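Shown next: target_6.cif, containing mmCIF, C-alpha atoms.
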data_upload
#
loop_
_atom_site.group_PDB
_atom_site.id
_atom_site.type_symbol
_atom_site.label_atom_id
_atom_site.label_comp_id
_atom_site.auth_asym_id
_atom_site.auth_seq_id
_atom_site.Cartn_x
_atom_site.Cartn_y
_atom_site.Cartn_z
ATOM 1 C CA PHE A 1 91.880 151.460 4.400
ATOM 2 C CA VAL A 2 88.649 150.303 6.071
ATOM 3 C CA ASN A 3 88.266 146.856 4.429
ATOM 4 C CA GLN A 4 90.809 144.935 6.433
ATOM 5 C CA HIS A 5 91.446 143.645 9.925
ATOM 6 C CA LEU A 6 92.079 146.725 12.084
ATOM 7 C CA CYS A 7 93.232 146.400 15.688
ATOM 8 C CA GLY A 8 94.489 148.741 18.344
ATOM 9 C CA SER A 9 95.991 151.973 17.085
ATOM 10 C CA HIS A 10 95.166 150.888 13.560
ATOM 11 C CA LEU A 11 91.460 150.748 14.424
ATOM 12 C CA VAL A 12 91.443 154.064 16.296
ATOM 13 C CA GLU A 13 93.115 155.691 13.266
ATOM 14 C CA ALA A 14 90.393 154.384 10.934
ATOM 15 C CA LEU A 15 87.664 155.730 13.248
ATOM 16 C CA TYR A 16 89.425 159.066 13.319
ATOM 17 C CA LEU A 17 89.653 159.269 9.529
ATOM 18 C CA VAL A 18 86.075 158.074 8.867
ATOM 19 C CA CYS A 19 84.267 159.973 11.537
ATOM 20 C CA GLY A 20 85.909 163.366 10.991
ATOM 21 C CA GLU A 21 84.467 166.270 12.968
ATOM 22 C CA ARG A 22 81.762 164.017 14.449
ATOM 23 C CA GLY A 23 84.333 162.182 16.448
ATOM 24 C CA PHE A 24 83.783 158.672 17.729
ATOM 25 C CA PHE A 25 83.811 156.300 20.646
ATOM 26 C CA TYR A 26 86.258 153.421 21.050
ATOM 27 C CA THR A 27 85.119 150.727 23.452
ATOM 28 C CA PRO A 28 87.087 147.548 22.951
ATOM 29 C CA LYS A 29 85.554 145.337 25.600
ATOM 30 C CA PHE B 1 103.906 162.069 25.623
ATOM 31 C CA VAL B 2 100.864 163.666 27.287
ATOM 32 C CA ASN B 3 102.384 167.034 28.325
ATOM 33 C CA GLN B 4 102.345 168.779 24.990
ATOM 34 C CA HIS B 5 99.954 170.191 22.430
ATOM 35 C CA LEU B 6 98.186 167.191 20.874
ATOM 36 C CA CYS B 7 95.884 167.596 17.882
ATOM 37 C CA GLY B 8 94.131 165.290 15.489
ATOM 38 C CA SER B 9 95.650 161.847 15.142
ATOM 39 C CA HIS B 10 98.222 162.809 17.738
ATOM 40 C CA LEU B 11 95.474 163.402 20.305
ATOM 41 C CA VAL B 12 93.558 160.221 19.462
ATOM 42 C CA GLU B 13 96.807 158.250 19.875
ATOM 43 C CA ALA B 14 97.369 159.708 23.355
ATOM 44 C CA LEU B 15 93.801 158.803 24.389
ATOM 45 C CA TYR B 16 94.354 155.305 23.087
ATOM 46 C CA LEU B 17 97.588 154.859 25.037
ATOM 47 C CA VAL B 18 96.285 156.396 28.294
ATOM 48 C CA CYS B 19 92.873 154.863 28.399
ATOM 49 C CA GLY B 20 93.863 151.286 27.545
ATOM 50 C CA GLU B 21 91.116 148.675 27.795
ATOM 51 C CA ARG B 22 88.642 151.290 29.068
ATOM 52 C CA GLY B 23 88.613 152.947 25.718
ATOM 53 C CA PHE B 24 87.634 156.565 25.250
ATOM 54 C CA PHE B 25 85.498 159.085 23.452
ATOM 55 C CA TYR B 26 86.832 161.699 21.039
ATOM 56 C CA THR B 27 84.512 164.635 20.476
ATOM 57 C CA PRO B 28 86.360 167.547 18.949
ATOM 58 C CA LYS B 29 83.565 170.061 18.600
ATOM 59 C CA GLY C 1 86.259 170.114 25.296
ATOM 60 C CA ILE C 2 89.281 168.089 24.682
ATOM 61 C CA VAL C 3 90.567 170.202 21.802
ATOM 62 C CA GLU C 4 90.594 173.331 23.955
ATOM 63 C CA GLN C 5 92.395 171.548 26.799
ATOM 64 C CA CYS C 6 94.855 169.443 24.805
ATOM 65 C CA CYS C 7 95.342 170.816 21.289
ATOM 66 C CA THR C 8 95.124 174.606 21.587
ATOM 67 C CA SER C 9 96.454 174.505 25.128
ATOM 68 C CA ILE C 10 98.992 171.985 26.628
ATOM 69 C CA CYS C 11 97.421 168.603 27.385
ATOM 70 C CA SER C 12 97.831 166.660 30.613
ATOM 71 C CA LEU C 13 97.239 163.171 31.864
ATOM 72 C CA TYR C 14 94.668 164.530 34.207
ATOM 73 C CA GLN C 15 92.611 165.933 31.330
ATOM 74 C CA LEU C 16 93.060 162.951 29.013
ATOM 75 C CA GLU C 17 91.678 160.647 31.669
ATOM 76 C CA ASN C 18 88.492 162.755 31.710
ATOM 77 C CA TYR C 19 87.766 161.258 28.254
ATOM 78 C CA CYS C 20 88.359 157.593 29.097
ATOM 79 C CA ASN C 21 85.233 155.470 29.403
ATOM 80 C CA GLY D 1 81.509 145.378 19.622
ATOM 81 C CA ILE D 2 83.909 147.024 17.354
ATOM 82 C CA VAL D 3 86.769 144.621 18.030
ATOM 83 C CA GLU D 4 84.666 141.636 16.981
ATOM 84 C CA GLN D 5 83.507 143.375 13.795
ATOM 85 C CA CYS D 6 86.745 145.081 12.760
ATOM 86 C CA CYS D 7 89.768 143.461 14.410
ATOM 87 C CA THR D 8 88.989 139.741 14.642
ATOM 88 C CA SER D 9 86.812 139.902 11.551
ATOM 89 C CA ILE D 10 87.252 142.213 8.468
ATOM 90 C CA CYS D 11 86.126 145.784 9.145
ATOM 91 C CA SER D 12 83.898 147.855 6.884
ATOM 92 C CA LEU D 13 82.918 151.454 6.468
ATOM 93 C CA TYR D 14 79.412 150.520 7.356
ATOM 94 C CA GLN D 15 80.497 149.185 10.750
ATOM 95 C CA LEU D 16 82.983 151.962 11.506
ATOM 96 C CA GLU D 17 80.276 154.553 11.024
ATOM 97 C CA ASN D 18 78.249 152.809 13.754
ATOM 98 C CA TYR D 19 80.865 154.174 16.205
ATOM 99 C CA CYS D 20 80.895 157.796 15.031
ATOM 100 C CA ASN D 21 79.144 160.260 17.318
#
Please re-express this file's structure in structure tokens.
Amino acid sequence: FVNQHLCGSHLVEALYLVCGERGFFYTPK
Amino acid sequence: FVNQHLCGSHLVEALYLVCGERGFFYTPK
Amino acid sequence: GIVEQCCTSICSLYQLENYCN
Amino acid sequence: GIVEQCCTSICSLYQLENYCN
């Protein structure tokens, strides 16, 4: 799921799945 | 969509929609 | 944190915006 | 940032993990 173009909600979902309990930051700009 | 219990992917989605271009941080623990 | 405010209790716009950059 | 690496170019696990806490 990670080896593709991922934008918007699709990108946030991948961060969520990869980062697990760590959580993540999403800063698009 | 915000005035409910929101967990996991459901919570990340709400952050994404509310925060827009700002982005957000998700730190569950 | 956010889980306490939004997952195990009812979330709000007010609280979500606390976690925007 | 992440959009350049993952949205307008092909993402990778390596890059996603750069944005985990």
What does chain B look like after a least-squares fit onto chain A on every Cα paired in order, written as a PDB file with C-alpha atoms, in the frame of the given file?
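Result saved to superposed-v4.pdb:
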ATOM      1  CA  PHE B   1      91.880 151.460   4.400  1.00  0.00           C
ATOM      2  CA  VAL B   2      88.649 150.303   6.071  1.00  0.00           C
ATOM      3  CA  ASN B   3      88.266 146.855   4.429  1.00  0.00           C
ATOM      4  CA  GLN B   4      90.809 144.935   6.433  1.00  0.00           C
ATOM      5  CA  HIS B   5      91.446 143.646   9.925  1.00  0.00           C
ATOM      6  CA  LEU B   6      92.079 146.725  12.084  1.00  0.00           C
ATOM      7  CA  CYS B   7      93.232 146.401  15.687  1.00  0.00           C
ATOM      8  CA  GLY B   8      94.489 148.741  18.344  1.00  0.00           C
ATOM      9  CA  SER B   9      95.991 151.973  17.085  1.00  0.00           C
ATOM     10  CA  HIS B  10      95.166 150.888  13.560  1.00  0.00           C
ATOM     11  CA  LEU B  11      91.461 150.748  14.424  1.00  0.00           C
ATOM     12  CA  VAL B  12      91.443 154.064  16.295  1.00  0.00           C
ATOM     13  CA  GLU B  13      93.114 155.690  13.266  1.00  0.00           C
ATOM     14  CA  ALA B  14      90.393 154.384  10.934  1.00  0.00           C
ATOM     15  CA  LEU B  15      87.663 155.730  13.248  1.00  0.00           C
ATOM     16  CA  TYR B  16      89.425 159.066  13.319  1.00  0.00           C
ATOM     17  CA  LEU B  17      89.653 159.269   9.529  1.00  0.00           C
ATOM     18  CA  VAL B  18      86.075 158.074   8.867  1.00  0.00           C
ATOM     19  CA  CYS B  19      84.267 159.973  11.537  1.00  0.00           C
ATOM     20  CA  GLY B  20      85.909 163.365  10.991  1.00  0.00           C
ATOM     21  CA  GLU B  21      84.467 166.270  12.969  1.00  0.00           C
ATOM     22  CA  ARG B  22      81.762 164.018  14.449  1.00  0.00           C
ATOM     23  CA  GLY B  23      84.332 162.183  16.448  1.00  0.00           C
ATOM     24  CA  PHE B  24      83.783 158.672  17.728  1.00  0.00           C
ATOM     25  CA  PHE B  25      83.812 156.300  20.647  1.00  0.00           C
ATOM     26  CA  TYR B  26      86.258 153.421  21.050  1.00  0.00           C
ATOM     27  CA  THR B  27      85.119 150.727  23.452  1.00  0.00           C
ATOM     28  CA  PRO B  28      87.086 147.548  22.951  1.00  0.00           C
ATOM     29  CA  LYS B  29      85.554 145.337  25.600  1.00  0.00           C
TER      30      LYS B  29
END
With all atoms listed in the file considered, list every residue of chain A at most 10 Å from chain C, as number ranges by chain.
A: 25-27
Please write as JSON, numbers by chain the full residue list that the PyMOL selection byres ((chain B) within 7 of (chain A)) yields on this file.
{"B": [9, 13, 21, 22, 23, 24, 25, 26, 27, 28, 29]}
Just need chain C moved onto chain D: least-squares over all Cα atoms matched in order, then output as a compact mmCIF listing (two decimals) with C-alpha atoms, in the frame of the given file.
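Saved to part_6.txt:
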# COMPACT_ATOMS: atom_id res chain seq x y z
CA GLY C 1 81.51 145.38 19.62
CA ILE C 2 83.91 147.02 17.35
CA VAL C 3 86.77 144.62 18.03
CA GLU C 4 84.67 141.64 16.98
CA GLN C 5 83.51 143.37 13.79
CA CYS C 6 86.74 145.08 12.76
CA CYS C 7 89.77 143.46 14.41
CA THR C 8 88.99 139.74 14.64
CA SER C 9 86.81 139.90 11.55
CA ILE C 10 87.25 142.21 8.47
CA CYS C 11 86.13 145.78 9.15
CA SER C 12 83.90 147.85 6.88
CA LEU C 13 82.92 151.45 6.47
CA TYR C 14 79.41 150.52 7.36
CA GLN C 15 80.50 149.19 10.75
CA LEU C 16 82.98 151.96 11.51
CA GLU C 17 80.28 154.55 11.02
CA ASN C 18 78.25 152.81 13.75
CA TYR C 19 80.86 154.17 16.21
CA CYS C 20 80.90 157.80 15.03
CA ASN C 21 79.14 160.26 17.32
Please write out, as AutoDock Vina command-line options, where the centre of an axis-aligned box around all listed atoms of stretch 7-10 of chain A lies and how long its edges are, in Å to one decimal, after adding 3 Å on each side.
--center_x 94.6 --center_y 149.2 --center_z 16.0 --size_x 8.8 --size_y 11.6 --size_z 10.8
